[PDB]
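>>> I need the structure of the sequence given here:
(chains A and B, ligands or ions: 2)
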Amino acid sequence: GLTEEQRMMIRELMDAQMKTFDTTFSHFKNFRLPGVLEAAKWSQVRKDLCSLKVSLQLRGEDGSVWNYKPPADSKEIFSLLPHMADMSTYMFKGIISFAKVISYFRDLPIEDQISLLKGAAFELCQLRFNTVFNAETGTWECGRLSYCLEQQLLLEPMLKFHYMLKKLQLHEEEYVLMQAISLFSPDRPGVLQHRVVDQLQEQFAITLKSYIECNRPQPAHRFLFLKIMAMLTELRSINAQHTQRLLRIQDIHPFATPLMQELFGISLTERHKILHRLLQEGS
Amino acid sequence: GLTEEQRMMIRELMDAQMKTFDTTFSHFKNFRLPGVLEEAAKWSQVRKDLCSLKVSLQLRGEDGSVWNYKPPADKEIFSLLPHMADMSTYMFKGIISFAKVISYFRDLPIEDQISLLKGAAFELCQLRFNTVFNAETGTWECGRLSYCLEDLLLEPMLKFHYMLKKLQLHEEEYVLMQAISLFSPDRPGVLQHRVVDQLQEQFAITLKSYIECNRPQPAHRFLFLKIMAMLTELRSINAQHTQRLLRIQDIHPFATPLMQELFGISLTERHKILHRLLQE
Ligand SMILES: CCC[C@H](CC)Oc1ccc(C(C)(C)C)cc1NC(=O)c1nnn(-c2cc(OC)ccc2OC)c1C
Ligand SMILES: CCC[C@H](CC)Oc1ccc(C(C)(C)C)cc1NC(=O)c1nnn(-c2cc(OC)ccc2OC)c1C
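Residues are numbered from 1 along each chain as shown, chains lettered A, B, ... in the order given. Ligands and ions are numbered 1, 2, ... in the order given. Sure, structure below:
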């Protein structure tokens, strides 16, 4: 059905996903939590966060449950950001390990490996979040941790993206191929090997198109490849929107972890020491 | 009305209660919380104890947020023990200060003060908890903290709080219950048996007189005897749960240093912490 390299290409991506995606978040610990007790600069920031209002649930090995309901909109809308920054950083660290396992990624120059991950970090993080997202309950089920949302919501692009993508009912192979196509974006800022990364991206897209033809005869999956490519384009647009929105919040309320600071621009390898160090460390 | 000495008795008890009862729990900080992670017959008795009064904890925040802790189901039954040990220790400190403000209590020998507090600590604590208990929601409202019961009256402690709240007692009747319970002449280790009994009788007479003077005559003709019956039932619950606490401590230590003295884990030589608090 698939060519020998296509079969090996999917097997490597699926193996990398298994080795680097902590779906139960069993190794996510020592994270911050909400404590137990210039007009437009502050207004426009709040206008977006209301759509992303979530309640946190922390289940334990003994069966107990901690549940955090967020405060209502009235500096109280930034109570969950230190936790989300710790969670995002943990997810990105798994994303970094995902790229290190891919052979086509290791052979790139070290600065291109930094540039590619810097542009696809948010996109690969939301793709993984979609696999743990529950469309019915509106909850991201992250093992011990759960994030439950609190029409006017779908107006937010990130929310509409997760519902549209979950509605496609993608296989694990299609998800990990989306991650590869997003990661190997030749037109990211700072990329040097534009041609090599572009050639790699094209082979992943062909492999995705071929895989869909071999496993989706159903009419519900008509034009699924073109739908996926459109979603990846939309996710890249959402990346630019949220990355700039995040910088505004950091400007008013510092919350980014040291690794997240490198991702935002707050020698290439000299200003990305943590990312450079993580790219040299092995699994 | 009441005699001037009876009025001064209530005025001093109310003054002590005002100075020593943090009704809003504003100073109850730095407490432990459940984390985010033959001996058979010993554990057999322990499980039967903890599963009787399982509660869920709620934490309202200054910003309006709410933390809520649901307990597990049947070494998992020990998750709320450190928090309650912190809560009981804080409550008893206010109980100790309550007795120190009473002049009739300071004039007692230091050993009798230890014996009385040792036997009335649990009873005076549940009486104070009853005033912050909501019968409708089944929740003890301790300011920022709330303890909600989990889906009862079969348990005596549970029916006690509902029956006592049903009486709708005044502040003066509550603080008189505390005095009658504190000045129990038949506590273990009490020496001044006659003096404490005479004091308890004066508190009881004052309580009976207060009810006759501030309540409708026929509707509350047995309200005093209802109160005495509740105090009798509460003293039985004391020995039952204090024995229950000794079992749990034997298998799983959780009691704070002050609680250890309260349980038996020279009367002043084995109650040095309690002795120090009575001196200051
Ligand atoms: C599915 C979306 C994720 C998350 C999981 C349930 O949903 C949220 C829920 C509630 C909230 C608030 C409003 C209550 C705080 C936020 C979020 N979402 C983030 O916290 C988030 N998601 N991705 N990133 C991110 C990561 C990055 O690389 C490390 C670079 C740039 C990034 O943002 C441009 C971040 C910071
Ligand atoms: C009814 C109101 C109390 C409390 C508030 C909701 O209900 C509980 C709920 C759950 C639990 C567990 C089972 C989950 C731990 C326990 C308790 N109850 C105690 O934690 C308690 N209440 N009083 N005392 C006490 C005090 C003392 O000196 C002041 C001496 C000996 C004492 O115990 C014999 C204690 C230790």
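>>> assign a three-state SS to the spatially most central residue of chain A, would you?
Per CA atoms, centre = their mean, the C-alpha nearest to the average position across chain A is that of residue A:125, at 1.0 Å. What DSSP: H, G, I helix; E, B strand; the rest coil gives for residue A:125 is helix.
>>> so who does it touch?
Neighbouring residues of residue A:125 by CB atoms under 8 Å, 6 or more residues apart in numbering or on different chains: A:88, A:91, A:92, A:95. For the C-beta atoms, the positions are set from N, CA and C on the backbone; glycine is no exception.
>>> do the same with residue A:176
Per CB under 8 Å, 6+ apart, neighbours of residue A:176: A:10, A:13, A:14, A:16, A:17.
>>> same thing with residue A:282?
residue A:100.
>>> could you say which helix or strand holds it?
Under the assignment given by DSSP states H and E, residue A:282 is not contained in any helix or strand.
>>> buried residues, stretch A:155-170. List them.
Using 16 or more other CB atoms under 10 Å in any protein chain shown as the test for burial, stretch A:155-170 gives A:156, A:157, A:158, A:159, A:161, A:162, A:165, A:170.
>>> just the C-alpha atoms of it, please, in PDB.
Provided in PDB are the C-alpha atoms of stretch A:155-170 (Å, rounded to 0.1, in the frame of the first residue of the first chain):
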ATOM      1  CA  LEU A 155     -15.600  32.900  18.300                       C
ATOM      2  CA  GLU A 156     -12.200  32.300  19.800                       C
ATOM      3  CA  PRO A 157      -9.900  30.800  17.200                       C
ATOM      4  CA  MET A 158      -8.000  28.400  19.400                       C
ATOM      5  CA  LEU A 159     -11.300  27.000  20.800                       C
ATOM      6  CA  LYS A 160     -12.800  26.600  17.400                       C
ATOM      7  CA  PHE A 161      -9.600  25.000  16.200                       C
ATOM      8  CA  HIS A 162      -9.800  22.200  18.800                       C
ATOM      9  CA  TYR A 163     -13.400  21.400  18.100                       C
ATOM     10  CA  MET A 164     -13.000  21.400  14.300                       C
ATOM     11  CA  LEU A 165      -9.900  19.200  14.500                       C
ATOM     12  CA  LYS A 166     -11.400  16.700  17.000                       C
ATOM     13  CA  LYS A 167     -14.500  16.500  14.700                       C
ATOM     14  CA  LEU A 168     -12.200  15.000  12.000                       C
ATOM     15  CA  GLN A 169     -11.500  12.000  14.200                       C
ATOM     16  CA  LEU A 170      -7.900  11.700  13.000                       C
END
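>>> strands of chain A, start to end?
A:54-59, A:65-69, A:133-134, A:139-142, A:145-149 (DSSP state E).
>>> in JSON lines: the ones you listed, plus mean neighbour count and distance to chain B.
Below are the strands of chain A laid out as JSON lines (neighbours: other CB atoms under 10 Å in any protein chain shown; distance: least, CB to the nearest CB, whole Å):
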{"stretch": "strand A:54-59", "mean neighbour count": "18", "distance to chain B": "5"}
{"stretch": "strand A:65-69", "mean neighbour count": "19", "distance to chain B": "4"}
{"stretch": "strand A:133-134", "mean neighbour count": "16", "distance to chain B": "20"}
{"stretch": "strand A:139-142", "mean neighbour count": "18", "distance to chain B": "14"}
{"stretch": "strand A:145-149", "mean neighbour count": "19", "distance to chain B": "10"}
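>>> got a markdown table for the ones you listed, with distance to residue A:277 too?
Formatted as a markdown table, the strands of chain A follow (distance: least, CB to CB, whole Å):
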| stretch | distance to residue A:277 |
| --- | --- |
| strand A:54-59 | 30 |
| strand A:65-69 | 33 |
| strand A:133-134 | 31 |
| strand A:139-142 | 26 |
| strand A:145-149 | 27 |
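>>> tell me which of the ones you listed sits nearest to residue A:237.
Smallest distance to residue A:237 across the strands of chain A (CB to CB): 19.5 Å, for strand A:133-134.
>>> still on that earlier bit, of the contacts of residue A:125, which belong to helices?
Assigned to helices by DSSP state H, the following of the contacts of residue A:125 qualify: A:88, A:91, A:92, A:95.
>>> between the residues you listed, which is nearest residue A:268?
Of the ones in helices among the contacts of residue A:125, the one sitting nearest to residue A:268 (CB to CB) turns out to be residue A:92, at 17.4 Å.
>>> which residues are in contact with that closest one?
Residue A:92 neighbours (CB under 8 Å, 6+ apart): A:121, A:125, A:259, A:260, A:263.
>>> who wins for neighbours among those?
For the contacts of residue A:92, the largest number of neighbours (other CB atoms under 10 Å in any protein chain shown) sits with residue A:121, at 26 neighbours.
>>> whichever of the contacts of residue A:125 end up buried, select them in ChimeraX.
This is the ChimeraX syntax for the buried subset of these, where burial follows 16+ other CB under 10 Å:
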select /A:88,91,92,95
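>>> if we check ligand 1, which of the ones in helices among the contacts of residue A:125 are in contact?
The subset of these within reach of ligand 1, by CB under 6 Å from any ligand atom, is A:88, A:92.
>>> just put the contacts of residue A:92 in a markdown table and tack on distance to ligand 1.
Rendered in a markdown table, the data for the contacts of residue A:92 read as follows (distance: CB to the nearest ligand atom, whole Å):
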| residue | distance to ligand 1 |
| --- | --- |
| A:121 | 4 |
| A:125 | 5 |
| A:259 | 7 |
| A:260 | 5 |
| A:263 | 5 |
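>>> in helices only, show me those residues.
Judged by DSSP H, the contacts of residue A:92 include A:121, A:125, A:259, A:260, A:263 as members of helices.
>>> show me which pair in those residues is furthest apart.
Greatest spatial distance in those: A:125 and A:259, 12.4 Å, computed using CB to CB.
>>> going by distance to residue A:236, which of the ones in helices among the contacts of residue A:92 wins?
Taking CB to CB as the measure, residue A:236 sits nearest to residue A:121 out of the ones in helices among the contacts of residue A:92, at 12.2 Å.
>>> quick check, the closest one in contact with residue A:95.
Yes: assessed by CB atoms under 8 Å, residue A:121 is found in contact with residue A:95 at 6.2 Å.
>>> make TSV out of the contacts of residue A:176 and add neighbour count.
Formatted as TSV, the contacts of residue A:176 follow (neighbours: other CB atoms under 10 Å in any protein chain shown):
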residue	neighbour count
A:10	22
A:13	23
A:14	15
A:16	22
A:17	21
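>>> which ones among the residues you listed lie within helices?
A:10, A:13, A:14, A:16, A:17.
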